[PDB]
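Residue numbers (the deposited numbering), protein chains in the order written: chain M, 8 to 217; chain E, 867 to 1071; chain A, 867 to 1071; chain F, 389 to 485; chain D, 389 to 485; chain N, 2 to 116.
Note that CB positions come from ideal geometry on N, CA and C, so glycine has one too.
Here is the structure we will look at, set down as structure tokens.
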Amino acid sequence: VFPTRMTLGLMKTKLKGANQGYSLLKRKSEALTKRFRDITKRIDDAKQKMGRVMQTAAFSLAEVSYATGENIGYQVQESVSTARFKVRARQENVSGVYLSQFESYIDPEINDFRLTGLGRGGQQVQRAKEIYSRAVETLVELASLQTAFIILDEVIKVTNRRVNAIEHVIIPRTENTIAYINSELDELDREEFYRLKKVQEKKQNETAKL
Amino acid sequence: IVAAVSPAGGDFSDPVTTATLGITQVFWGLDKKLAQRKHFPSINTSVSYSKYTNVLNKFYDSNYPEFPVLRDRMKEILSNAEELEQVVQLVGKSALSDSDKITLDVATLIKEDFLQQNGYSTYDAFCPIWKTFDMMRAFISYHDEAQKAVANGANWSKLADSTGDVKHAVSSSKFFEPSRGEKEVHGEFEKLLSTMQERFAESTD
Amino acid sequence: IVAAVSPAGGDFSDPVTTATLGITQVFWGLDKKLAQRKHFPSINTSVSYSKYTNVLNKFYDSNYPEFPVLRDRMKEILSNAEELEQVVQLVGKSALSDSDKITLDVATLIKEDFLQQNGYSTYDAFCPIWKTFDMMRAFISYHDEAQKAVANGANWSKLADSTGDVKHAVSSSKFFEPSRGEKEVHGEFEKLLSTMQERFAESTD
Amino acid sequence: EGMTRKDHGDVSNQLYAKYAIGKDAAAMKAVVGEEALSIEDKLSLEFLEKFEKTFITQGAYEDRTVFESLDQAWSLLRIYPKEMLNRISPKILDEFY
Amino acid sequence: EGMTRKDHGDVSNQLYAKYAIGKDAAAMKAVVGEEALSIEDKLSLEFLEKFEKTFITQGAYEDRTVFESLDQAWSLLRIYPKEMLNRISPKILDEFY
Amino acid sequence: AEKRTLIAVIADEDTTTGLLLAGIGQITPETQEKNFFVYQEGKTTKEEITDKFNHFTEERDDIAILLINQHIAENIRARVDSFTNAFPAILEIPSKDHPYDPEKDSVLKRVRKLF
């Protein structure tokens, strides 16, 4: 059992809505694929540049620590009880989805700690933290895009699945049901007119005879 | 002549409704799905048409007419709200622009204050032509002020919070009746333009 | 009187099926997709109903049978299996949980064991309500133990592999003759409750 | 008067609009998933299942008055906030919710 | 010949392609957003509203000819760059740019 | 939405000493534990890096960006490969005293498949 009358008008709006949503999901999947490709290249370029920039500051800090003549990392690790450079979470709508972004904020609460008091030997420890403090901003700003790239790569699979499923499951049920409903409604509508015309022709033929 | 029609031939596109809709000159929409949300009569802007608007615009515009400019923007805002509502549920929303959200928010208030009505009261079912033209002109001026303020740089929540009591007074000004003044126009509609200009100027900055 | 109906052109909107289904009080379902799997006639709750199932389950469930609880939970799981299969086919299996997969496997096992009538070694024999009550109680106890075992931490492949010979022994139970040690309870279905309790206890720790 | 309240059709219109919003939210959320549904669509979807499994579920010989049905409809109608409903007046809605 | 120009089909093809690209960019602009749209989709979206409100819009007693519609199509197509139109000749495109 | 401002660092004593000198993380008093893991070549256990990475990734929801070296993440690549959530985000970088390789990126492997 199924409804025969008033079904094509209800199925036509769902067929047109699925026909527009398939093209909209295809365009959004194409733009998300292009942004995923550009973020895929920029993540590798920023990963290599952040890798070399981190390796240069690590080599300079290791050369300053080896040139000092003491374990500055032990007193520097115990002397650290607060951070200076932080990040703020915010939602950025790019390509029709919410992406993760990081905004660097500089607060004057975490200054240089009094942990270098060897006279002339504290200058290399001050210059190493002065170079690493400016060196960490390129690594944080270059590493901030991974949360948006992981979100776009996560959304690209759902858009690619919905773009195929919405185009695959949409048209055939409403097309076959609308064609069968119109095909049954055509003969069901013509049968009453044919029976009425045959009844009128039989009534006129019976009335004409004696 | 106001005659109601209903299909009985087994379809919405029968020859009785097609001949009655083709022979008629005025269009008044009515949906059963839109009437279930307490919005009877839910008229359709795409199927609505009027041929005597040009002839009636000479005398009605000769007296005090402003219905055409807010009516075309109201029909375009209703069509854009229907297209955004169908595209949002069809494609799936993961973000929303302030221009389409302002038109959908103005279309929801226009559909609530205009589409929402009853046939047993006079406070929320009776409104004059000057009060309805002033309310539609205030809603079209608020939609044009929100669209002009959104183009200069602003958020949707900052625009709605910048409006504030203007949309609540314009939406809450449909339950009263004419009992003040010496004419159909009231003083509450004229004072809403000065607060709407300051709210539109403060909502932009 | 049990009379089956068929369409005149392939559609069920004919007056014979509509008049016979409307005038009758009990309906028997039939799935075209389930008939391709050698499970014809396969229907649980989506294409069939019975007005006398309450009085029949109350009269036959008085002394010997306990069919109403497992029939109600099996009808609810069979009704949820269509929404779980439609949600798994439309959206996918990532949004679904382990309870929908366990209910989908229990609906496929109960549908394959109950809707299936053609064997692979010989024709199926007679089976009373007491013989099907042990299979429905074993499927309800396996679905309840599988759903309750996943709450305390357990893998779906470890429980589905922990079932093992219960599904193969439950499939070959209809091929054997009845009265193999008892008329209301069988000795083959008693080991599935202890094996499901041992697999549920071993799957938890 | 004296056998029913005046706010019967006001809760019935919001219940029918919430049921149509729950059916449209279930039909729109069935195809794509949990992306096209809003905050009111999930409350109308849960209110359609709770109202369909609470008010529709009843006995064959049980009876109840109009005040018990209006109190059960008012208790089952408290699943959506007052800032997302427009099929009732604020005076009758503020007194009974 | 003698009443209509030869570039009416070439300007109508680029106007129809710009109208279809503006119709697709108008619906794709709401789903994509104001910060995720293409560069040509914004000019095609503005050319769809300008061509719709400049070429399609006309008075009830406003007469027009083929030269006025061809000049209006060239004036509406002048917002697009020379590298975005390839359905016209370079002499007629550079002469009536 | 802002729900974290902590920065995690997983590297050697030189990179953690320079990053702690410039400032990327600290020790919060609400948890009573540090926000960085000092690693040593052939001195620290492999289970401590997976326990600190699992405790920083799953036992804490206040970290915004957690850095991890490819050399220290190579021994804990099985546990690090199971995490795909961006709260906190994981960024694979080259460790000091070793060469950079793009195959050691866990996000690049899943991001490369189905691009």
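Can you tell me the Cβ-Cβ gap for residue i and residue j, rounded? I've got them flagged as a contact below 8 Å.
i, j, result
"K917/E", "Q891/E", "5 Å"
"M18/M", "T181/M", "4 Å"
"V71/M", "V143/M", "Rounded, the Cβ-Cβ distance is 16 Å, inconsistent with contact."
"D412/F", "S477/F", "In fact, because the Cβ distance is near 25 Å, the residues do not count as touching under 8 Å."
"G24/N", "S140/M", "6 Å"
"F443/D", "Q460/D", "6 Å"
"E1043/E", "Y989/E", "5 Å"
"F1041/A", "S987/A", "6 Å"
"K47/N", "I77/N", "7 Å"
"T974/E", "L944/E", "Going by Cβ atoms, the distance from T974/E to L944/E rounds to 10 Å, so no, they are not a contact pair."
Can you give the Cα-Cα distance for residue i and residue j, rounded to whole angstroms?
i, j, result
"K430/F", "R97/M", "25 Å"
"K1024/E", "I163/M", "32 Å"
"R1046/E", "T998/E", "16 Å"
"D160/M", "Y930/E", "59 Å"
"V8/M", "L900/E", "28 Å"
"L1058/E", "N946/E", "26 Å"
"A405/D", "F439/D", "12 Å"
"residue 301/M", "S965/A", "Limits of chain M in this structure are 8 at one end and 217 at the other, which puts residue 301/M out of reach."
"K35/N", "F43/M", "35 Å"
"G1053/A", "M1001/A", "12 Å"
"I173/M", "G24/M", "11 Å"
"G129/M", "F120/M", "11 Å"
"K417/D", "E198/M", "50 Å"
"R95/M", "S107/N", "25 Å"
"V170/M", "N26/M", "11 Å"
Going by C-alpha distance, which of the options is nearest residue i?
i, options, result
"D13/N", "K35/N, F116/N, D98/N", "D98/N"
"residue 7/M", "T18/N, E3/N, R78/N", "Beyond the ends of chain M as shown, which are 8 and 217, falls residue 7/M; an answer cannot be given."
"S1060/E", "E1011/E, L1025/E, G1019/E", "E1011/E"
"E93/N", "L31/M, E208/M, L149/M", "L149/M"
"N1018/E", "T883/E, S1069/E, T884/E", "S1069/E"
"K977/E", "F906/E, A870/E, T883/E, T884/E", "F906/E"
"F878/E", "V868/E, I889/E, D971/E, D897/E", "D897/E"
"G16/M", "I50/M, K48/M, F120/M, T184/M", "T184/M"
"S1028/E", "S1037/E, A869/E, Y1008/E", "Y1008/E"
"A1020/E", "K904/E, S963/E, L956/E, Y986/E", "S963/E"
"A1004/E", "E951/E, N984/E, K1033/E", "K1033/E"
"residue 486/F", "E437/F, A414/F, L403/F, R452/F", "The shown model of chain F, from 389 to 485, leaves out residue 486/F, and the question about it has no answer."
"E434/D", "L465/D, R393/D, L481/D, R475/D", "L465/D"
"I467/F", "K394/F, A414/F, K417/F, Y407/F", "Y407/F"
"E949/E", "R393/D, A414/D, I409/D", "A414/D"
"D102/N", "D114/M, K56/M, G103/M", "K56/M"
"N984/A", "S1037/A, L922/A, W1022/A, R939/A", "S1037/A"
Compare the beta carbon distance of residue i and residue j with 9 Å and say whether it is the shorter of the two.
i, j, result
"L39/M", "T154/M", "no"
"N100/M", "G421/D", "yes"
"residue 1/N", "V83/M", "Residue 1/N falls outside the range modelled here, since chain N spans only 2 to 116, and no answer is possible."
"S463/D", "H396/D", "no"
"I91/N", "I73/N", "no"
"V39/N", "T32/N", "no"
"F1066/E", "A1026/E", "no"
"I157/M", "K21/M", "no"
"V868/A", "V882/A", "no"
"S1039/A", "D971/A", "no"
"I79/M", "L32/M", "no"
"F54/N", "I8/N", "no"
DSSP puts residue i in a beta bridge; with which residues?
i, result
"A90/N", "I66/N"
"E174/M", "According to DSSP, which records beta bridges pairwise, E174/M is partnered with nothing at all."
"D13/N", "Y40/N"
"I28/N", "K35/N"
"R97/M", "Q108/M"
"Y915/A", "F893/A"
"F92/M", "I113/M"
"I8/N", "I66/N"
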